[PDB]
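Undergrad: take these chains first, placed just as they are in the complex:
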Amino acid sequence: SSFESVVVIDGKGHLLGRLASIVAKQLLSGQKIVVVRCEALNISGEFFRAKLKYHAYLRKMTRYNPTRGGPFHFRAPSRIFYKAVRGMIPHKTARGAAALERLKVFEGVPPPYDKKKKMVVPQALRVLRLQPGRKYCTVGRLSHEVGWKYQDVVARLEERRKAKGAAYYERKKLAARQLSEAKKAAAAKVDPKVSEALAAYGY
Amino acid sequence: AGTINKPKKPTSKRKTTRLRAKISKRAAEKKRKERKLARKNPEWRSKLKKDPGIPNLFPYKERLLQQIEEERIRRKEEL
Amino acid sequence: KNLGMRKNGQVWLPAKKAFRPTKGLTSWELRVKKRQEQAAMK
Amino acid sequence: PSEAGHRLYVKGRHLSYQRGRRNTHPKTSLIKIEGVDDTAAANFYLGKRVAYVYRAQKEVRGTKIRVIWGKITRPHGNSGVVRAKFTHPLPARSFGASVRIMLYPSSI
Amino acid sequence: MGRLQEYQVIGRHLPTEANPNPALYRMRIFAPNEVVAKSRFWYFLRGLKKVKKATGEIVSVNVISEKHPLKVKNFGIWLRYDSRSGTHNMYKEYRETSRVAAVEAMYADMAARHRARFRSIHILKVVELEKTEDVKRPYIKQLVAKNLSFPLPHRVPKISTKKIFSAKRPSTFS
Amino acid sequence: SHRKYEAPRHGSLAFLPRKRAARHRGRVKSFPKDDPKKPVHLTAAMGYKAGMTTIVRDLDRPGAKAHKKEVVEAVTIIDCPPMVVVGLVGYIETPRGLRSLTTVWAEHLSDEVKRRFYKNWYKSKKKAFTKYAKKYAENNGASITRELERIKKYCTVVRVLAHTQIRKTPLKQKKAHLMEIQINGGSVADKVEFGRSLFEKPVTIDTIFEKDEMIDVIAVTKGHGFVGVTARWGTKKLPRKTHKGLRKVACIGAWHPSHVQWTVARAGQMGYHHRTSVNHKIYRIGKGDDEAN
Amino acid sequence: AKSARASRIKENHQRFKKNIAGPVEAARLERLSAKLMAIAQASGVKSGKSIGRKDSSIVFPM
């Protein structure tokens, strides 16, 4: 447990409801949460069940005037996750509204979150939760099949971001290698008493 | 069936208080009625119960038959 | 080569074996001894 | 110059009041202390003094900053959340705000 | 059904003028405590003889501990359970280290697989399989095989439930 | 109970609401999709509707009844004075949609297009684009070069800004009409060079459209004001001396919900709607210089 | 009658678009593009080669 200024979560490989419950509990506890890559979230069960549930959601609409009061069906994966979170928070109170203002959801990793640390929640990871052999799906595929229009744009922006991250990774590998050679060189100049004291202390 | 692309009206699992009370009362009345028909029922009922027996896959069934036969002979000798 | 015919015509199919996932748990002689003991007990 | 901090307290968050499902009791508050995750860790901070520091409008006696004083009484549940009692019950708007758990009175 | 202990319960009918020395009946009963053990004794004795609790007495209740709790053993349990249809036999085998642990595994397995409660199961015999040729169930025969070594694929690492966020995606290979 | 005799809906739900259009000039909702292996070309233009007249056409339509015969048809005349390109807008793709990134204007803009930026042109000092015209001079148009290179590097959709020459029309309006016309074909650098070469130049209708082509006409219809249900939706008139009116709908509701639905015909605004009509054949592009067009 | 949104009608229209109307639209577009081309033809920081910066929010203010 650690209080942080803002927690950036990678939505890839995560289960929608478990991540939503954990994020909602953090929001009501008072922690700012930014979830990215909501198109890479996972729903347990194979794709036709999620498609059936979203079509059953689309079926529900107010009768006398569909421009007011009715369930507004959002086809974006980020706002699907936002609906999942909002169902878990008393959003009709001032406390729940203020908790929801501490949350930001995005598709892909827009800047400047591309140069920030993205953490994962092991209590909601699909690989650590689902039994092997069970079927699953992605929120992005369901969104694309129900009406999301920006699967390709987010995709191309993601290969651009991954290419820039690859260049950053070669730079980081070079920096780590030079740091290792610097430590090996400085091992012959640091005082042996200091080295022995640090090794005895655990460093 | 085209259920996935076009779902129908959902079947509600949220039961009503009227339905719950009516089902409970019909269940209690049925229990009383079957008790009455059990008391009035003229079908024959054996006093003894047909015992299922000993399983074949029990590995010491032969030794248990040995024990039963030995105790039978011992009881016959004692009597 | 394969000397016989297959009914569905998939001549490339291998000579499949029986689906016996409980193989190797009992030797043949032990099963025969258990058969004699079960028959005597019965 | 010194490049260090000046913190001698542990951070905490005011979660809610003592409550059932429906009925809340403002006289007792629930606090999540940073790094405390079980009752054995909460036992160290039983009896410590916790302060809620906030900022008002009018400057009274040289400052615009007010403090509500209280102390930790008993652990709550199994996850290191503690119960606290203050001189006045904490504001309901401060659910999620930060509080300071000081290291005094000390048994070390 | 809980932390079970096996008890020998010896009881008898109360002595009368006709029978100054009535017969003693001993049973081996798995029960969480001695009160439940005596209750089960009186139930099983009412099922077999003209003795009830008001006309009989408990001579002794003793705990039967396992001779070798550190030796891996195969147990065969013959039981009768009561369902909607009636009473049915079951023969099952468990690879455990004590008769009491075998009986707890039995109760959990029957509750999981046939929805049978403690009140509807009669434990008729619990025996030790002296030889591995007496093992009949294939799920124990695959455990009593020679040179049994297997890996453990897809081991989810144990991460503390109070640590919400981690900076590394965990691996499932250790 | 059910409706005894089946009858379809009066009116279409696809053209709701029946309100006045948000602005007078028609909005191009969608442009033709871009094929980069095509040559660069403009996809839209503007004109002013003059009226209608009659033609006789020698029809060559094999399989038709009037094949190799003469047909009388009605046609609509649109006056098209040449259009002046005065700008270039760049568009980028975002997960929230197309986004305008930069806009580069020409150095010299006419008073026609300058009147569009004012509601009182006669009281104004006419200061529009005066400080913008100096960035073509300072540092040899370095800022203009920066914005053009930004469009070449980051944008995927390029549109020119084109305005009508309204002084050539008989209209009393002196305020011109300005729109974005998408450049289709070529690469983005080709589109930027195409616009840069077309700044401050008049573009005629014959270089955008060609005879015997079907186009789409986008406009705002004739306004009718507040109109009742009988003419607004084509509903059946109630019989003579129907109480509280006969040019009405007898039942706006007889069934649950306890509301008036959005599908019930109600009195209100008719006309002045934004309409895009498709598949209109160009029969003749006549020239103003020709005295026998 | 076959619908407008029918697969066989769509395939027939696609074949018509590919084989018949396609060359006509391509030739007309080439002529119009040539006619419009007729009218069209008729340091990095200080020179604009280096594209520098022009002269709520996505993140929490901190």
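TA: Cool, the structure landed. Numbering: from 1, shown residues only, chains lettered A, B, ... in the order given.

Undergrad: look up how far residue G:30 lies from residue F:39.
TA: 6 Å (Cβ to Cβ, to the nearest Å). C-betas here are computed from N, CA, C, even on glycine.

Undergrad: so between the two, which is more surrounded?
TA: A count of neighbours by other Cβ atoms under 10 Å in any protein chain shown puts residue F:39 above the other of residue F:39 and residue G:30, at 18 against 13.

Undergrad: what's the neighbour count on the residue in chain C that chain B sits nearest to?
TA: With Cβ to the nearest Cβ, the shortest gap between chain C and chain B falls at residue C:41, namely 4.5 Å. Neighbourhood size, residue C:41 [other Cβ under 10 Å]: 15.

Undergrad: ok, now residue A:132?
TA: 8.

Undergrad: now residue E:143
TA: By other Cβ under 10 Å, the residues close to residue E:143 number 14.

Undergrad: what's it sitting at in phi/psi?
TA: With angles defined as degrees, to the nearest 10, residue E:143 shows backbone torsions of phi -90, psi -30.

Undergrad: quick one, what contacts it?
TA: residue E:95 (Cβ atoms under 8 Å, 6 or more residues apart in numbering or on different chains).

Undergrad: go on, residue F:279?
TA: F:214, F:216.

Undergrad: where does it sit: helix, strand or coil?
TA: strand (DSSP: H, G, I helix; E, B strand; the rest coil).

Undergrad: I'd like the distance between it and residue F:214.
TA: Residue F:279 is 5 Å from residue F:214, by Cβ to Cβ.

Undergrad: where do the helices sit along chain C?
TA: C:28-41 (DSSP state H).

Undergrad: how about the residues of it by chain E?
TA: C:22, C:24, C:25, C:26, C:30, C:34 (Cβ under 8 Å from any Cβ of the partner chain).

Undergrad: and with 10 Å instead?
TA: Counting by Cβ under 10 Å from any Cβ of the partner chain, chain C comes close to chain E at C:21, C:22, C:24, C:25, C:26, C:27, C:30, C:33, C:34.

Undergrad: just the closest of the residues you listed to residue F:192, please.
TA: Using Cβ to Cβ, residue C:21 is the member of those that lies nearest residue F:192, at 69.0 Å.

Undergrad: what residues are up against the closest one?
TA: Residue C:21 makes contact with E:138, E:142, according to Cβ atoms under 10 Å, 6 or more residues apart in numbering or on different chains.

Undergrad: let's bring in chain H now:
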Amino acid sequence: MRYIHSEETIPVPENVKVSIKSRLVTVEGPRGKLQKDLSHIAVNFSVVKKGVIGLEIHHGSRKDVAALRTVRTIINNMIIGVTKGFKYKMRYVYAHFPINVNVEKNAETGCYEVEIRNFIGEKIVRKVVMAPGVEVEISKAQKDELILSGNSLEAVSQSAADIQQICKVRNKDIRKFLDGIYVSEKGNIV
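TA: So, slotting chain H in with the rest:
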């Protein structure tokens, strides 16, 4: 019941080169190269003997044990495809109107293309594009025969099925109208 260990064996000929990495099987042979993604089935691959591939499942159910047979047959069919190949001979028969079949190779797509004309006198011109690697020829030895050859059994059989399904009589008695294209022979190229 959860079986502790189950295994299958696939013998590999000397000409065949098999490379498996992360359940992505690549099989190389004299005729060509095949690639398949078996990442949807939990199998552990090994080399139990020189020239034998070992398939294993640990702590799997009966379904997981049974899926190894499908994996075994798929990899065996890939080996047979890269070694000997697969060949489907099809016959097209007609009653009154002769069926015209023209086979081309679209070079930009790099794939064969079969064009069928005059089926029951219909004026439509049917067109089937083949899977990559499937070679279609008109047999000169026999009459009204197509030959589909390849290394991928799935591709060859699916192309033959597409040819058979595209020429289907509608709204007529199938007892009386017997026309169509049918898969006559299924076998190996070598």
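
Undergrad: and the contacts of residue C:21, now that chain H is part of it?
TA: E:138, E:142, H:1, H:3, H:5, H:6, H:60, H:61, H:62, H:65, H:66.

Undergrad: mind checking which of the residues you listed land in strands?
TA: Mapping the contacts of residue C:21 onto strands (DSSP state E) picks out H:3, H:5, H:6, H:60.

Undergrad: tally up the residues packed near the second one, please.
TA: Using other Cβ under 10 Å, the number of residues around residue H:5 comes to 17.

Undergrad: tell me the bridge partners for it.
TA: When assigned by DSSP bridges, residue H:5 has beta-bridge partners residue H:58.

Undergrad: isn't it up against residue C:25?
TA: No. Residue H:5 is not in contact with residue C:25 according to Cβ atoms under 10 Å; the separation is 11.9 Å.

Undergrad: mind checking the SS state of residue H:53?
TA: On the basis of three-state DSSP, residue H:53 is classed as strand.

Undergrad: and the closest residue to it other than its chain neighbours, what element?
TA: Leaving aside its chain neighbours, residue H:53 sits nearest to residue H:10 (4.3 Å; criterion: Cβ to Cβ, 6 or more residues apart in numbering or on different chains). Secondary structure from DSSP states H and E places residue H:10 in strand H:3-11.

Undergrad: could I get the buried residue list for that strand?
TA: If you call a residue buried by 16 or more other Cβ atoms under 10 Å in any protein chain shown, then strand H:3-11 has these buried ones: H:3, H:4, H:5, H:6, H:8, H:10.

Undergrad: quick check on the residue lying closest to residue F:129 once chain neighbours are set aside: phi, psi?
TA: Excluding the flanking residues, the one nearest residue F:129 by Cβ to Cβ, 6+ apart is residue F:109, at 5.4 Å. For residue F:109, the backbone dihedrals (degrees, to the nearest 10) come out as phi -120, psi 140.

Undergrad: ok, the closest residue to chain E within chain C - contacts?
TA: Taking Cβ to the nearest Cβ, chain E has its nearest neighbour within chain C at residue C:25, 4.2 Å off. Residue C:25 is in contact with E:135, E:137, E:138, E:139, E:140, E:141, E:142, E:144, E:145, counting by Cβ under 10 Å, 6+ apart.

Undergrad: the second one: neighbour count?
TA: Residues contacting residue E:137 under the criterion other Cβ under 10 Å number 18.

Undergrad: I figured it hits residue E:90, correct?
TA: No. Residue E:137 is not in contact with residue E:90 according to Cβ under 10 Å; the separation is 11.3 Å.

Undergrad: next one is chain I, place it on the structure:
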Amino acid sequence: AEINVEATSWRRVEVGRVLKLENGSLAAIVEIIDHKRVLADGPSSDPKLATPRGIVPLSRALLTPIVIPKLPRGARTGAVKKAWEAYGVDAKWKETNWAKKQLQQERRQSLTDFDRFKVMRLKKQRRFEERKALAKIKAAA
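TA: Same chains as before, plus chain I:
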């Protein structure tokens, strides 16, 4: 018949496999009960690494790379102790990087405030030389 299979290679539970429990002690599998529990014995001379003979759930154990070679199934505590001192399981565990990490953890948690201050000072003293070496490396190449 060139077969290039690169696949995962798990450690296996077997008679002789040494387990590391959650408390930090070691055990050896002497008989496998099922796929979830084993019978184990930790007859180590060191009290910290010792484990009483009994049932070990495999969820609460970690597979160490140490396997006692040729250990009979179901061998009692004397035989397991003889095999332990013969094979030298303790020395191999000390060489294992897991015990080095655990020892580093104990050395870090056994620090007082004076120890932490001295750690900070000596770490800055070492960091000076590492920074000079890194600057020299970056300047040279």
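
Undergrad: what do you get for the contacts of residue E:143 once chain I is counted?
TA: Counted by Cβ under 10 Å, 6+ apart, residue E:143 has contacts E:72, E:74, E:93, E:95, E:135, E:137, H:4, I:32, I:33, I:34, I:35.

Undergrad: separation between it and chain D?
TA: 37 Å (Cβ to the nearest Cβ, to the nearest Å).

Undergrad: quick check: residue F:216 is in a strand.
TA: Yes. Under three-state DSSP, residue F:216 falls within a strand.

Undergrad: please list all residues in contact with it.
TA: Listed by Cβ under 10 Å, 6+ apart, the contact set of residue F:216 reads F:28, F:30, F:32, F:44, F:276, F:277, F:278, F:279, F:280.

Undergrad: whichever helix or strand comes after the strand holding residue H:10 pairs with which strands?
TA: For strand H:3-11, the following helix or strand on the C-terminal side (DSSP H and E) is strand H:17-21. According to DSSP bridges, strand H:17-21 has the following sheet partners: strand H:24-28 (antiparallel), strand I:3-6 (parallel).

Undergrad: ok and strand H:17-21 relative to strand H:3-11, angle-wise?
TA: 150 degrees (axes from the mean of the first three to the mean of the last three Cα atoms, to 10 degrees).

Undergrad: the nearest residue to residue H:61 once chain neighbours are set aside: how many residues sit nearby?
TA: Of all residues not flanking residue H:61 in the chain, residue H:2 sits nearest, at 6.1 Å (Cβ to Cβ, 6+ apart). Neighbourhood size, residue H:2 [other Cβ under 10 Å]: 14.

Undergrad: any residue of stretch F:248-258 touching chain A?
TA: Yes. Counting by Cβ under 10 Å from any Cβ, contacts between stretch F:248-258 and chain A involve F:253, F:256, F:257, F:258.

Undergrad: tell me which element the second one is part of?
TA: Under the criterion of DSSP H and E, residue F:256 resides outside all helices and strands.

Undergrad: how much space between it and residue A:159?
TA: On the measure of Cβ to Cβ, residue F:256 and residue A:159 end up 53 Å apart.

Undergrad: so where do the helices sit in chain H?
TA: H:62-83, H:153-166.

Undergrad: will you turn the ones you listed into JSON lines that also has distance to chain F and mean neighbour count?
TA: As requested, the helices of chain H are exported to JSON lines (distance: least, Cβ to the nearest Cβ, whole Å; neighbours: other Cβ atoms under 10 Å in any protein chain shown):
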{"stretch": "helix H:62-83", "distance to chain F": "38", "mean neighbour count": "18"}
{"stretch": "helix H:153-166", "distance to chain F": "30", "mean neighbour count": "18"}
